[PDB]
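Participant: Need a 3D model of the following:
(chains A and B, ligands or ions: 1)
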Amino acid sequence: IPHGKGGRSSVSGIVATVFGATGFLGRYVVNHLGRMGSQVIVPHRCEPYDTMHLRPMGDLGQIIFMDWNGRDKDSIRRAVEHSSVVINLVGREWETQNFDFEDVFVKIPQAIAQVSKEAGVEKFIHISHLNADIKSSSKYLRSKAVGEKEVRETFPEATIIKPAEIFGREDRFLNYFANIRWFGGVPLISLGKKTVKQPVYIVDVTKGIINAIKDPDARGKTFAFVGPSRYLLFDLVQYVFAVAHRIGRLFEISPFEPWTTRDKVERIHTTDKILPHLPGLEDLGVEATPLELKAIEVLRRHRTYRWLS
Amino acid sequence: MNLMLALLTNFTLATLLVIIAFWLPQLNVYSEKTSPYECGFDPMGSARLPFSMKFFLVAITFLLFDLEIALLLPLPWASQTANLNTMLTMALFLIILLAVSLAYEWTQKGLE
Ligand SMILES: NC(=O)c1ccc[n+]([C@@H]2O[C@H](COP(=O)([O-])OP(=O)(O)OC[C@H]3O[C@@H](n4cnc5c(N)ncnc54)[C@H](OP(=O)(O)O)[C@@H]3O)[C@@H](O)[C@H]2O)c1
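Facilitator: Numbering: from 1, shown residues only, chains lettered A, B, ... in the order given. Below you will find the coordinate block:
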């Protein structure tokens, strides 16, 4: 039962759990539950020290850590047993040399769609992507739209989410560009045609969840995440050079964490804007954020002073 | 022919060792945020380097005392001669031509 005011050292009655919640997105959600009060049980896989930069997030005795693997059907059953809502951001980019990547969007999101359904969670949540279509594309972009089909079977109430290409602070989406000091900028594939997608700013997505986190009355009913206006140009790849003025890694280096001459180059140009009929955002709002104004901040390079844009 | 073998040997250990230190973890997968937090403990510092003179003269002031102690250098080869008086009478001139050039300026060093 919610008490007092939402500042910090308050209650607001919701527990949570957030799986993943180390890399770019998950760190940036929990930080919005280390404010309005919660009990955020964040588990994590292998990382003892990479999770510390998080801890001054909840006040005291709010967030609490566990250890888990995720192919063991117990590790997801020991935590969640006490919970209210549980969202899931889990999953990543390139196929691992260990995890074969095929069912890590299939078996894992179900492996946590195991006893969670049984044990009496509620308002369970999962992530989708605006561009994933079960027609043939794209080797990574596929297997994600399987979860929308395969996993939706379980837990009839989901409110599974469908956002666009997002640009954060430390994000890897718009940052693959401007790291491209290289033989030259070569668009994908050397064509200025279908760029760009709906680049929503990471705050609005992470303010969507906690707006649906007790919504109320969105369960089973999936939503998709509007971008700003409107579609976009080739200039986005020029815009990068317009202003820029031209976890658990290792001790020394990582052997392979590449640019992936594979799905990566073709995942960025898949565009496929899709169905409007999803509610999907202002209803869950109120948020929408532009690009032109918010792209200076995340972009700071070797002038570090001049802008005049 | 073995000198250059003893020089480009030396740099090539040094010009190697920059990359195996600077560069090797430089491409490591850690965070390395671009934030303009760098340039320690004088956070912003927007100015030109102003002309400050008594910094300057201590350049010039040396450069001239420098020359003649190249002129002064071939004494110990010249100590072997025929008529030597033209040495001692002459050798001792340069020095006193050096030491004079002090005494004048010595009225004003300023804060050096
Ligand atoms: N909605 C979108 O716009 C969008 C865009 C790009 C990608 N995605 C996908 O939607 C989710 C957003 O992820 P993100 O933005 O937070 O980036 P992310 O770097 O993939 O974050 C995932 C975190 O969970 C970890 N992880 C990877 N595989 C795991 C597994 N089987 N089990 C447990 N943890 C695993 C990752 O490394 P650790 O195991 O060390 O924790 C990382 O810590 C991901 O699934 C991503 O593939 C979505």
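
Participant: Go ahead and confirm residue B:54 touches residue B:111.
Facilitator: Yes - when contacts are counted by CB atoms under 8 Å, residue B:54 is listed as touching residue B:111 (5.6 Å). C-beta: built from backbone N, CA, C; applies to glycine.

Participant: more crowded one of those two?
Facilitator: Neighbour count, other CB atoms under 10 Å in any protein chain shown: between residue B:54 and residue B:111, residue B:54 has more, with 10 against 4.

Participant: what secondary structure does that one sit in?
Facilitator: Per DSSP: H, G, I helix; E, B strand; the rest coil, the secondary structure class of residue B:54 is helix.

Participant: Quick check: it vs residue B:108, distance?
Facilitator: To residue B:108, residue B:54 is 11 Å away according to CB to CB, to the nearest Å.

Participant: ok, the residue nearest to residue A:123 when sequence neighbours are not counted - how many residues close by?
Facilitator: Spatial nearest neighbour of residue A:123, chain neighbours left out: residue A:85 (4.1 Å); criterion: CB to CB, 6 or more residues apart in numbering or on different chains. The local packing of residue A:85 (other CB under 10 Å) involves 20 other residues.

Participant: before we move on, what about residue A:194?
Facilitator: So residue A:194, with other CB under 10 Å, has 15 neighbours.

Participant: now residue A:235
Facilitator: As a burial measure, residue A:235 scores 12 neighbours (other CB under 10 Å).

Participant: which residues touch it?
Facilitator: By CB atoms under 8 Å, 6 or more residues apart in numbering or on different chains, residue A:235 lies in contact with residue A:242.

Participant: Over to residue B:65?
Facilitator: Counted by CB under 8 Å, 6+ apart, residue B:65 has contacts B:98, B:101.

Participant: looking at this, it is in a helix?
Facilitator: Yes - Residue B:65 forms part of a helix when assessed by three-state DSSP.

Participant: hmm, stretch A:253-270 in reach of the ligand?
Facilitator: No - using CB under 6 Å from any ligand atom, stretch A:253-270 stays clear of the ligand, coming no nearer than 9.0 Å.

Participant: Only the buried residues of that stretch, if you could.
Facilitator: A:263-264, A:267-270 (16 or more other CB atoms under 10 Å in any protein chain shown).

Participant: What's the separation between the closest residue to chain B within the stretch 51-200 of chain A and residue B:109?
Facilitator: Going by CB to the nearest CB, chain B is nearest to residue A:170 of the stretch 51-200 of chain A, at 7.4 Å. Look at residue A:170 and residue B:109: by CB to CB, they are 56 Å apart.

Participant: which one of the two has more residues nearby?
Facilitator: residue A:170 (14 against 11).

Participant: From the chain's centroid, how far away is stretch A:189-202?
Facilitator: 18 Å (CA atoms, centre = their mean, to the nearest Å).

Participant: Contacts made by it with the rest, please.
Facilitator: Applying CB under 8 Å, 6+ apart, the set of residues contacting stretch A:189-202 is A:24-25, A:28, A:130-131, A:163-169, A:171, A:174, A:187, A:225-228, A:231-234, A:236-237, A:265, A:269, A:271, A:273, A:288-291, A:294.

Participant: What about those, which are in strands?
Facilitator: Judged by DSSP state E, the contacts of stretch A:189-202 include A:166-167 as members of strands.

Participant: For the chain, which segments count as strands?
Facilitator: Going with chain A. Using DSSP E, strands in chain A cover A:18-19, A:41-44, A:64-67, A:87-88, A:161-162, A:166-167, A:200-201, A:223-224.

Participant: most packed of those?
Facilitator: strand A:18-19 (a mean of 26; mean count of other CB atoms under 10 Å in any protein chain shown).

Participant: And the contacts of it?
Facilitator: A:26, A:29-30, A:33, A:40-43, A:86-90, A:112.

Participant: For those, name the two members farthest from one another.
Facilitator: Pairwise distances across the contacts of strand A:18-19 (CB to CB) peak at 18.5 Å, for the pair A:33 and A:112.

Participant: Tell me which of those two has more neighbours.
Facilitator: Ranked by neighbour count (other CB under 10 Å), residue A:33 and residue A:112 place residue A:112 first, with 27 against 24.

Participant: what's the residue nearest to residue A:268 when sequence neighbours are not counted in contact with, if anything?
Facilitator: Using CB to CB, 6+ apart and skipping the chain neighbours, the partner closest in space to residue A:268 is residue A:188 (5.8 Å). By CB under 8 Å, 6+ apart, the residues touching residue A:188 are A:265-266, A:268-269.
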